[PDB]
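Student: how would this look folded up:
(chains A, B, C and D, ligands or ions: 90)
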Amino acid sequence: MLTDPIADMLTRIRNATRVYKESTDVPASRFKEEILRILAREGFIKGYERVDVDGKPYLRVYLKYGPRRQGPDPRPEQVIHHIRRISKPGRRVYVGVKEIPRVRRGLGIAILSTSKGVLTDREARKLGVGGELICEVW
Amino acid sequence: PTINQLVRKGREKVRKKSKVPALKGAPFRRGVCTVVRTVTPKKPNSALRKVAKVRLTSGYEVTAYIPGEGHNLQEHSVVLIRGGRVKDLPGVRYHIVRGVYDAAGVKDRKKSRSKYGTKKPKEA
RNA sequence: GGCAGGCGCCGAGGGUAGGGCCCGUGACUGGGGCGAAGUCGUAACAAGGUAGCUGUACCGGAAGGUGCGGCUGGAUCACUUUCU
RNA sequence: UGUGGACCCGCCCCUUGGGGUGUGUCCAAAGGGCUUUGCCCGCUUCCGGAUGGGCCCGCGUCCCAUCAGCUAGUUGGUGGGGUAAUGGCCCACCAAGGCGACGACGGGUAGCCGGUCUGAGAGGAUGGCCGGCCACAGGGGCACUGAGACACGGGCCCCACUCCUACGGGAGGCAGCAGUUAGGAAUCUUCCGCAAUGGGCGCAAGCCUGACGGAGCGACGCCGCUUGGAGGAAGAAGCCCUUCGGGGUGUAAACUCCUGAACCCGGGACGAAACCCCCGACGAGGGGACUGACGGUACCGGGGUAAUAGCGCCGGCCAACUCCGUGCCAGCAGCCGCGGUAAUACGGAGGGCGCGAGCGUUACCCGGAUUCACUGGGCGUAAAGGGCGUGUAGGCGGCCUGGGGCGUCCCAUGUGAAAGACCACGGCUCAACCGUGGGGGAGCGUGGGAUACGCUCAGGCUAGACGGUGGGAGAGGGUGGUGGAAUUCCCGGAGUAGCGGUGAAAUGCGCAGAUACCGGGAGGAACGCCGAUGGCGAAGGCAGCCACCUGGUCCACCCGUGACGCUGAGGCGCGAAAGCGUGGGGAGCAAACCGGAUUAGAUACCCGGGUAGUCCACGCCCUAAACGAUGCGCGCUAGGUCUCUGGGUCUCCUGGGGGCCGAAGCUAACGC
Ligand SMILES: NC[C@@H]1O[C@H](O[C@H]2[C@@H](O)[C@H](O[C@@H]3[C@@H](O)[C@H](N)C[C@H](N)[C@H]3O[C@H]3O[C@H](CO)[C@@H](O)[C@H](O)[C@H]3N)O[C@@H]2CO)[C@H](N)[C@@H](O)[C@@H]1O
Ligand SMILES: [Mg+2]
Ligand SMILES: [Mg+2]
Ligand SMILES: [Mg+2]
Ligand SMILES: [Mg+2]
Ligand SMILES: [Mg+2]
Ligand SMILES: [Mg+2]
Ligand SMILES: [Mg+2]
Ligand SMILES: [Mg+2]
Ligand SMILES: [Mg+2]
Ligand SMILES: [Mg+2]
Ligand SMILES: [Mg+2]
Ligand SMILES: [Mg+2]
Ligand SMILES: [Mg+2]
Ligand SMILES: [Mg+2]
Ligand SMILES: [Mg+2]
Ligand SMILES: [Mg+2]
Ligand SMILES: [Mg+2]
Ligand SMILES: [Mg+2]
Ligand SMILES: [Mg+2]
Ligand SMILES: [Mg+2]
Ligand SMILES: [Mg+2]
Ligand SMILES: [Mg+2]
Ligand SMILES: [Mg+2]
Ligand SMILES: [Mg+2]
Ligand SMILES: [Mg+2]
Ligand SMILES: [Mg+2]
Ligand SMILES: [Mg+2]
Ligand SMILES: [Mg+2]
Ligand SMILES: [Mg+2]
Ligand SMILES: [Mg+2]
Ligand SMILES: [Mg+2]
Ligand SMILES: [Mg+2]
Ligand SMILES: [Mg+2]
Ligand SMILES: [Mg+2]
Ligand SMILES: [Mg+2]
Ligand SMILES: [Mg+2]
Ligand SMILES: [Mg+2]
Ligand SMILES: [Mg+2]
Ligand SMILES: [Mg+2]
Ligand SMILES: [Mg+2]
Ligand SMILES: [Mg+2]
Ligand SMILES: [Mg+2]
Ligand SMILES: [Mg+2]
Ligand SMILES: [Mg+2]
Ligand SMILES: [Mg+2]
Ligand SMILES: [Mg+2]
Ligand SMILES: [Mg+2]
Ligand SMILES: [Mg+2]
Ligand SMILES: [Mg+2]
Ligand SMILES: [Mg+2]
Ligand SMILES: [Mg+2]
Ligand SMILES: [Mg+2]
Ligand SMILES: [Mg+2]
Ligand SMILES: [Mg+2]
Ligand SMILES: [Mg+2]
Ligand SMILES: [Mg+2]
Ligand SMILES: [Mg+2]
Ligand SMILES: [Mg+2]
Ligand SMILES: [Mg+2]
Ligand SMILES: [Mg+2]
Ligand SMILES: [Mg+2]
Ligand SMILES: [Mg+2]
Ligand SMILES: [Mg+2]
Ligand SMILES: [Mg+2]
Ligand SMILES: [Mg+2]
Ligand SMILES: [Mg+2]
Ligand SMILES: [Mg+2]
Ligand SMILES: [Mg+2]
Ligand SMILES: [Mg+2]
Ligand SMILES: [Mg+2]
Ligand SMILES: [Mg+2]
Ligand SMILES: [Mg+2]
Ligand SMILES: [Mg+2]
Ligand SMILES: [Mg+2]
Ligand SMILES: [Mg+2]
Ligand SMILES: [Mg+2]
Ligand SMILES: [Mg+2]
Ligand SMILES: [Mg+2]
Ligand SMILES: [Mg+2]
Ligand SMILES: [Mg+2]
Ligand SMILES: [Mg+2]
Ligand SMILES: [Mg+2]
Ligand SMILES: [Mg+2]
Ligand SMILES: [Mg+2]
Ligand SMILES: [Mg+2]
Ligand SMILES: [Mg+2]
Ligand SMILES: [Mg+2]
Ligand SMILES: [Mg+2]
Ligand SMILES: [Mg+2]
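Tutor: Numbering: from 1, shown residues only, chains lettered A, B, ... in the order given. Ligands and ions are numbered 1, 2, ... in the order given. Next comes the structure:
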């Protein structure tokens, strides 16, 4: 049993990107889904999809990297350089609309669950809500 | 440690050990010389260092050092002390203030006079 | 009916019997830490000249030795000669 | 007298003792003064307000667990007492409760706060002026008076201390202002005034006020200010260097001119206009009079003198180098370090650096120190993984739906006094200081709203976990039994001069016949080969063979249950060796010990003996280099290869386990 499934996904992703996979399966959940939707909108992932690895439902996430580079070590630049869980179980982290993080001076997002749904830092600022700071990505 | 651990125990604030129990907190303490002695220094230093076992108003018998060219202290000299490691003499942790009570200002000094407590020499 | 007065409970503190706690002093005695050039050896570092460390147990001026078991944090295809 | 109010009973609304109501009872009062029938000051009762308070509650408030149990008015109930009022506040009777690992009980320390210092912040430290609350008045109790006290300059009593005393008996209480003394490194005048502001009484005149407004002392702090300004040599003298040519102090000085702190002279404040009195009405309004401690101070004007500079530092950190002196001395030193005859580190000098009416020292707090890490650290070898398990509380918890809305989020609102902090304008010539305004603020209360996540309740699911069926490998554990090799001992045979041991030897054993060899017996302990590069176990640890009794595990099927999970303080159990107890056993081996050697010595290493012990049962002990020096669980992230053990279509696939090399990556490196 996975202790935190949001973090297992943020990670699965991070591990995949770091070896430049094409895509990767994370087991399905509306919430995980709700998050990836945002990753797509902001362009951190090409897309997601509801594949079905042997009977049980997964989310094929498709990754997006940079172009090839010149020099020793061509490996392209990650589009997701950094993706970290802010609120973890046994240390939940809620912020009010007044103290929602400015991530990398905004060259990056923070994803927070609110009573108005899963939103980005700029999305919650407009709507005027806080919630549970789930992760920053930049 | 886990957050929950830091919840159950906590962190632990630190504690300062005074390098000078001149009690009362006080910046100086008065005492009476009971021994004017001489002490051999250590490690890579040889000489003959001036020292005074001093019985303090704080009810403490501590050995204090006697800075300066030369002194005038005797086994009943009332003296005022002030804290300061003498690096060489281990276990000597305070200095005797020079120019207060029985201990006299270093004679014929021109340079660093406030330490050593010797008045401005006159001139006209 | 009041007052004075009287008795009683409670009651500060005191006494006696026994306890627990903290501070001072202390004849004796235990080891510690410091301090250029005092004494004995030479245990450890090189296979430190008996590989070392180790828990335990006895023994020894002293480091230490030996028993039992453990560890590698042991040198190399073949010996015993303290110190500075 | 009853406006009204209190109380008992009843009814009404309300909802705790709130408000109404009807009988019955009960409860009022004070007089004074006048420019005397008409007002002023008082009095009585009731309702309301304002201010000030009591009590109760939620949450917050340091260290020690080397304090783990605590409680008998204790915990609750009924009735009473008490109070302004609730209440074990107190009392009687009854019940047997109450509190604690979310730290009771105990011990230590401490007034709390607004604030203060520091810090990028989060934090850390502090509670000194000022303001708020609390508590105290020589130490301990206690009530009385009263709206209020358990009462600093009221009372009573006991205690300790001082002073009077005619011996019986009395008098005191500066933690009020000054002041003395003691202690200490250290902390002020026995000052002026009630002019202002404030308080008590008074109708007022006024009285009282060590509150207070001022002054005094101390560089204790902050701010402001002076010790001059402009000219002035290729550049005095003295002092110091030097390559003997010079270079430095140095425009510094002298000197020229200019301004004019100090000092003198004259003017001289603001703070003060009310109370009072007159007109009007004793109201609104207008008129008048009095009053200044600070103080002849501040400020203004005239006159006018070139008029205090110290202190620390100069090896690096760290701004500033040269001579002499000293010789591991004398000494310096925050840390590193300087000094042993050429010292930029000691002492002086010249020179230089930094601050400057101050400059240093010591002490303490925060900082740097992500050096207790929430922000923001670590544990293979640097300090750090518990010896291993089982499991309690606790923490944490897969996928789908619905309810609630506890956490969380949002809006509105109340609160967050003043001072301080921020910003602006303003007052003292500036600032320090001060005035007015503005702004911000964590937290908590109330009304409303959201539901993604977390919580909760109600269903559902099968991917986690567990079970069924069928197979498998294993030194996993316990009890019994049994096998051979060897050592020692005993009995017999044969046999004779040594054996044994070491570098070499010697103790030692052997003519009571050893050693070597054959045959028989006893016993105790260990299990060669197989066997390791292997297996099993949670760890310790497990190895001849057989049987019995037991534990874990792995594969296939995809059958059952339906989140039943993970970890785990404490608890419980296990736990090499040595060690301990009782009993047994005792071959070999062997601490101590007894000898022989070796050595300078030899309490050692080498040799010959040898007890405990090593063995078995039962009961303790609880340690370790208990090691992978690497907690357990789950997910993710190239591959190659060797090996143990399952399964399937078996050149190859697919599990579980044990090694090696290596992708990414990590690491202080080693390495992983
Ligand atoms: N501080 C030393 C500690 O005490 C012991 O060491 C202590 C003694 O054993 C040692 O003695 C030594 C001696 O071994 C050596 N051979 C001679 C030397 N003079 C001595 O030294 C001692 O004494 C002299 C005066 O006599 C002092 O000047 C010196 O400072 C001091 N260390 O001096 C030490 C005390 O200063 C422990 N063995 C040692 O492990 C431990 O570190
Ligand atoms: Mg000096
Ligand atoms: Mg009476
Ligand atoms: Mg040696
Ligand atoms: Mg070695
Ligand atoms: Mg002994
Ligand atoms: Mg030892
Ligand atoms: Mg021995
Ligand atoms: Mg050994
Ligand atoms: Mg080590
Ligand atoms: Mg009536
Ligand atoms: Mg009622
Ligand atoms: Mg009524
Ligand atoms: Mg009535
Ligand atoms: Mg009457
Ligand atoms: Mg009258
Ligand atoms: Mg009120
Ligand atoms: Mg009772
Ligand atoms: Mg009662
Ligand atoms: Mg009980
Ligand atoms: Mg106190
Ligand atoms: Mg910090
Ligand atoms: Mg105060
Ligand atoms: Mg007193
Ligand atoms: Mg008094
Ligand atoms: Mg008096
Ligand atoms: Mg004194
Ligand atoms: Mg007055
Ligand atoms: Mg007044
Ligand atoms: Mg000039
Ligand atoms: Mg002039
Ligand atoms: Mg003038
Ligand atoms: Mg007046
Ligand atoms: Mg009139
Ligand atoms: Mg008027
Ligand atoms: Mg001049
Ligand atoms: Mg420099
Ligand atoms: Mg000398
Ligand atoms: Mg210092
Ligand atoms: Mg010299
Ligand atoms: Mg030299
Ligand atoms: Mg010098
Ligand atoms: Mg220096
Ligand atoms: Mg810190
Ligand atoms: Mg660290
Ligand atoms: Mg270590
Ligand atoms: Mg371990
Ligand atoms: Mg350990
Ligand atoms: Mg549990
Ligand atoms: Mg969940
Ligand atoms: Mg739960
Ligand atoms: Mg819901
Ligand atoms: Mg809520
Ligand atoms: Mg305020
Ligand atoms: Mg501040
Ligand atoms: Mg101004
Ligand atoms: Mg609110
Ligand atoms: Mg609300
Ligand atoms: Mg809803
Ligand atoms: Mg369910
Ligand atoms: Mg089976
Ligand atoms: Mg077995
Ligand atoms: Mg025979
Ligand atoms: Mg013989
Ligand atoms: Mg014979
Ligand atoms: Mg034999
Ligand atoms: Mg035989
Ligand atoms: Mg026998
Ligand atoms: Mg294993
Ligand atoms: Mg082992
Ligand atoms: Mg089995
Ligand atoms: Mg099934
Ligand atoms: Mg079902
Ligand atoms: Mg467990
Ligand atoms: Mg054991
Ligand atoms: Mg044993
Ligand atoms: Mg035994
Ligand atoms: Mg025995
Ligand atoms: Mg026996
Ligand atoms: Mg032997
Ligand atoms: Mg033997
Ligand atoms: Mg046993
Ligand atoms: Mg243990
Ligand atoms: Mg893992
Ligand atoms: Mg096969
Ligand atoms: Mg494998
Ligand atoms: Mg293994
Ligand atoms: Mg690499
Ligand atoms: Mg690391
Ligand atoms: Mg590397």
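
Student: any idea how far residue A:132 is from the residue nearest the centre of chain B?
Tutor: Geometric centre of chain B, nearest residue: residue B:94, 1.6 Å, by CA atoms, centre = their mean. To residue A:132, residue B:94 is 59 Å away according to CB to CB, to the nearest Å. Quick note: C-beta positions are derived from backbone N, CA and C, even for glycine.

Student: now residue A:9
Tutor: Going from residue A:9 to residue A:132 by CB to CB gives 16 Å.

Student: So between those two, which is more surrounded?
Tutor: residue A:9 (25 against 15; other CB atoms under 10 Å in any protein chain shown).

Student: so which strand or helix has that one?
Tutor: Using DSSP states H and E, residue A:9 sits in helix A:5-18.

Student: Show me which positions of that helix end up buried.
Tutor: By neighbour count with 16 or more other CB atoms under 10 Å in any protein chain shown, helix A:5-18 contains the buried residues A:6-7, A:9-10, A:12-14, A:16-17.

Student: Which other helices and strands does it contact?
Tutor: Applying 3 or more CB pairs under 8 Å, 6 or more residues apart in numbering or on different chains; DSSP states H and E, one finds that helix A:5-18 contacts strand A:23-27, helix A:30-41, strand A:58-63, strand A:83-85, strand A:131-137.

Student: Distance to RNA strand D for those - can I get that in CSV?
Tutor: Formatted as CSV, those follow (distance: least, CB to the nearest atom of the strand, whole Å):
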stretch, distance to RNA strand D
strand A:23-27, 5
helix A:30-41, 4
strand A:58-63, 8
strand A:83-85, 11
strand A:131-137, 4
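
Student: before we move on, the earlier item: what's the residue nearest to the centre of chain B in contact with, if anything?
Tutor: Listed by CB atoms under 8 Å, 6 or more residues apart in numbering or on different chains, the contact set of residue B:94 reads B:20, B:22, B:62, B:64-65, B:81-84.

Student: List the contacts of the helix holding residue A:9.
Tutor: The contact list for helix A:5-18 (CB under 8 Å, 6+ apart) reads A:2, A:23-27, A:29, A:31-32, A:35, A:45, A:61, A:63, A:65, A:78, A:80, A:83-85, A:88, A:134-135.

Student: again, only this time at 7 Å
Tutor: Here helix A:5-18 makes contact (CB atoms under 7 Å, 6 or more residues apart in numbering or on different chains) with A:2, A:24, A:26, A:29, A:31-32, A:61, A:63, A:78, A:80, A:83, A:85, A:88, A:134-135.

Student: what's the answer for stretch A:114-121, then?
Tutor: Contact with stretch A:114-121 is made by A:34-35, A:38, A:42, A:100-101, A:103, A:109-112, A:124, A:127, A:129-131, as judged by CB under 7 Å, 6+ apart.

Student: do the same with stretch B:104-118
Tutor: If you take CB under 7 Å, 6+ apart as the criterion, stretch B:104-118 is touched by B:67-69, B:72, B:98-100, B:119, B:121.

Student: one step back: which pair of the contacts of residue B:94 spans the longest distance?
Tutor: The span of those, defined through CB to CB, is set by B:22 and B:65 at 13.8 Å.

Student: Are any of the contacts of stretch B:104-118 buried, and if so which?
Tutor: Going by neighbour count (16+ other CB under 10 Å), these have B:67-68, B:98-100 buried.

Student: Please go through the residues you listed and note which also touch RNA strand D.
Tutor: B:67-68 (CB under 7 Å from any atom of the strand).

Student: could the buried ones among the contacts of stretch B:104-118 go into CSV alongside distance to RNA strand C?
Tutor: What follows is those, written out as CSV (distance: CB to the nearest atom of the strand, whole Å):
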residue, distance to RNA strand C
B:67, 20
B:68, 22
B:98, 25
B:99, 30
B:100, 28
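
Student: I figured residue A:124 hits residue A:112, correct?
Tutor: Yes. Between residue A:124 and residue A:112 a contact is recorded at 5.8 Å, counting by CB atoms under 7 Å.
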